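Taken together, the values in this text are just the output of simple stated rules run on the coordinates, not laboratory data. Reconstructed Cβ throughout: ideal geometry from the backbone, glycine too, with neighbour counts over all protein chains shown.
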Amino acid sequence: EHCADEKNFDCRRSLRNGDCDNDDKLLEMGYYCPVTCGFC
């Protein structure tokens with residue numbers, strides 16, 4: 001799976017909010033903005 005942050009999903013805002021620090025949103029972030037979350 002070559003990961004790529006989504007274009008329509010705002011990865012910066014979500015990172016700034018803390019969406020990616022939320023466990024239940026981890027899944028959401030794993031596909032939406034995985035590169036922004038440093039997964040890959």
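Based solely on its DSSP helices, what 222 nm [θ] is calculated for the chain when runs of n ≥ 4 H residues each add -39,500 (n - 2.57) and the sum is averaged over all residues, nearest 500 deg cm²/dmol?
Working: 2 runs with 14 residues, N = 40.
So the helix-based figure for the chain works out to -8500 deg cm²/dmol.
Counting other Cβ atoms within 10 Å of each Cβ, which trypsin sites (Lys or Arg not before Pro) in the chain have at most 11 and sit in a DSSP loop?
Numbers: sites: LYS7, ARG12, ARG13, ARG16, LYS25; in loops: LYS7.
Those satisfying the criteria are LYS7.
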